[PDB]
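Asks: To start, I am sharing the structure in question, which I have written as structure tokens.
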Amino acid sequence: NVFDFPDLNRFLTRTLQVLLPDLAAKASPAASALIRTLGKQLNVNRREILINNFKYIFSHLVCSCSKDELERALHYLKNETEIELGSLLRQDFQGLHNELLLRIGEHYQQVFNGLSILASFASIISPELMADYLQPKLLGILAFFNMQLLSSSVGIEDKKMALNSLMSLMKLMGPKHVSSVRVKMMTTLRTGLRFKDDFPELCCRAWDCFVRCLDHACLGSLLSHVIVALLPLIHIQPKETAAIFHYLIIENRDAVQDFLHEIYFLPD
């Protein structure tokens with residue numbers, strides 16, 4: 001009522017997406033009773049609601065919890081859902097990894113541990129091994145990030161967090177994975193530009209990564225759209241856009257032999 005949600009059950013619908021993770025983080029018998037109460041109010045079973053919100057549940061768990069408490073809550077949730085937690089996580093093949101890569105910008109190391117537990121159940125802390133275990137999901141993960149940037153349900157602060165997470169993810173992917181996913185990465189960076197009305201330098205750093213950290217050879221087939229998109233960012237502010245353009249032009253000039261002349265649109 002203080003928030004004036006349309007329906008109290010709609011307020012519960014919105015709030016649960018984050019409350020269920022904290023309810024599991026408490027892992028108390030009172031928490032189980034409260035989950036049953038919510039399922040009654042939402043007219044759903046206490047076992048299925050947990051399996052459904054397990055994405056955000058495990059996400060917040062790996063985001064903030066202790067390993068012993070993590071295992072405690074895992075066993076508690078398995079018993080409450082009446083199914084093996086490993087099987088549920090298997091049923092959550094990509095949705096969980098999505099939220100993990102969304103929370104990486106907040107807790108790099110915590111989500112590194114979570115992905116290590118993501119890979120242990122998927123069958124592991126080496127960064128290259130982690131990237132290779134995540135290299136398959138990339139396109140789908142990029143699509144999830146893009147949809148998150150697109151959704152009106154998430155705030156602009158959540159969008160900035162997702163952008164930072166995407167920056168860290170592009171850093172972790174390495175030049176091979178980045179070069180492989182360049183097209184979808186460029187689509188998602190265009191989405192970031194579409195949202196860059198308020199977080200300009202954030203998207204600018206994202207582009208600095210997608211340019212400098214990106215492959216050095218195959219720059220120009222993509223440098224076309226890179227300049228086309230960065231055109232709006234320069235007008236907002238030129239501080240880092242100038243350095244981005246310099247790295248694109250000056251540094252990779254030899255590998256920008258023809259694509260340089262191909263790009264005749266340039267601001268002042």
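Lettering and numbering for the structure tokens are positional, with chains as A, B, ... in the shown order, residues counted from 1 in each chain, and ligands counted from 1 in the shown order.
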I'd like the contact shell of residue A:98 - 7 Å cut-off, only C-alpha atoms, skipping same-chain residues fewer than 3 positions apart - returned as number ranges by chain.

Replies: A: 94-95, 101-102, 141, 144

Asks: Take the residues just selected and output them with C-alpha atoms as a CSV table (one decimal), in the first residue's frame.

Replies:
chain,number,residue,atom,x,y,z
A,94,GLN,CA,21.5,-21.1,-19.3
A,95,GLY,CA,19.2,-18.9,-17.2
A,101,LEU,CA,27.2,-12.9,-16.0
A,102,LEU,CA,24.8,-10.1,-15.0
A,141,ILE,CA,24.2,-14.8,-22.8
A,144,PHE,CA,20.0,-12.1,-22.5

Asks: Residues within 12 Å of residue A:13, please, as a list in words. Count only C-alpha atoms; anything in the same chain fewer than 2 positions from it doesn't count.

Replies: residues 5, 6, 7, 8, 9, 10, 11, 15, 16, 17, 18, 19, 20, 38, 39, 41, 42, 43, 44, 49 and 53 of chain A

Asks: With only C-alpha atoms as the basis for distance, which of A:70, A:181, A:166, A:24 is at the shortest distance from residue A:205?

Replies: A:166

Asks: Write out as JSON, numbers by chain which residues come within 8 Å of residue A:161 when counting only C-alpha atoms, dropping same-chain ones fewer than 5 positions away.

Replies: {"A": [102, 103, 105, 106]}

Asks: Can I get the selection written as a PDB file, in the first residue's frame, with N, CA and C atoms?

Replies:
ATOM      1  N   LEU A 102      25.323 -11.387 -15.321  1.00  0.00           N
ATOM      2  CA  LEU A 102      24.753 -10.074 -15.036  1.00  0.00           C
ATOM      3  C   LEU A 102      25.290  -9.500 -13.732  1.00  0.00           C
ATOM      4  N   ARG A 103      25.659 -10.356 -12.789  1.00  0.00           N
ATOM      5  CA  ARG A 103      26.190  -9.926 -11.502  1.00  0.00           C
ATOM      6  C   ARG A 103      27.716  -9.896 -11.459  1.00  0.00           C
ATOM      7  N   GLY A 105      29.762  -7.864 -12.913  1.00  0.00           N
ATOM      8  CA  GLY A 105      30.244  -6.504 -12.730  1.00  0.00           C
ATOM      9  C   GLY A 105      30.211  -6.056 -11.285  1.00  0.00           C
ATOM     10  N   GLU A 106      29.412  -6.728 -10.457  1.00  0.00           N
ATOM     11  CA  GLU A 106      29.375  -6.415  -9.035  1.00  0.00           C
ATOM     12  C   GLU A 106      30.349  -7.290  -8.255  1.00  0.00           C
TER      13      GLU A 106
END

Asks: Which residues of stretch 62-178 of chain A have any atom within 9 Å of an atom in stretch 211-219 of chain A when counting only C-alpha atoms, and what is the closest pair of atoms for each, with the distance in Å to one decimal? Order the rows by chain and rising number and write it as a Markdown table.

Replies:
| residue | atom | partner | partner_atom | distance |
| --- | --- | --- | --- | --- |
| A:170 | CA | A:213 | CA | 8.4 |
| A:171 | CA | A:213 | CA | 7.5 |
| A:174 | CA | A:213 | CA | 8.2 |
| A:175 | CA | A:215 | CA | 5.9 |
| A:176 | CA | A:215 | CA | 7.8 |
| A:178 | CA | A:214 | CA | 6.2 |

Asks: Just write the chosen residues, C-alpha atoms, as a PDB file, in the first residue's frame.

Replies:
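Here's the written file out_7.pdb:
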ATOM      1  CA  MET A 170      34.117  -9.111 -22.591  1.00  0.00           C
ATOM      2  CA  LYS A 171      37.346  -8.827 -20.606  1.00  0.00           C
ATOM      3  CA  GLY A 174      39.454 -13.087 -24.288  1.00  0.00           C
ATOM      4  CA  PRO A 175      40.308 -12.073 -27.848  1.00  0.00           C
ATOM      5  CA  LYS A 176      39.293 -15.427 -29.350  1.00  0.00           C
ATOM      6  CA  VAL A 178      35.358 -11.695 -28.479  1.00  0.00           C
TER       7      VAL A 178
END

Asks: Which residues are close to stretch 259-264 of chain A, i.e. within 12 Å by only C-alpha atoms, leaving aside same-chain residues fewer than 2 positions away? Reply as a list in words.

Replies: residues 218, 219, 220, 221, 222, 223, 224, 225, 226, 227, 228, 231, 245, 248, 249, 250, 252, 253, 254, 255, 256, 257, 266 and 267 of chain A

Asks: Out of stretch 71-247 of chain A, which residues get alpha helix (DSSP H) from DSSP, as a ChimeraX atom specification?

Replies: /A:71-81,85-91,95-103,108-122,127-134,138-150,156-194,200-208,220-236,239-246

Asks: To one decimal place, how far is atom CA of residue A:189 from atom CA of residue A:204 in Å?

Replies: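 Atom CA of residue A:204 lies 9.7 Å from atom CA of residue A:189.
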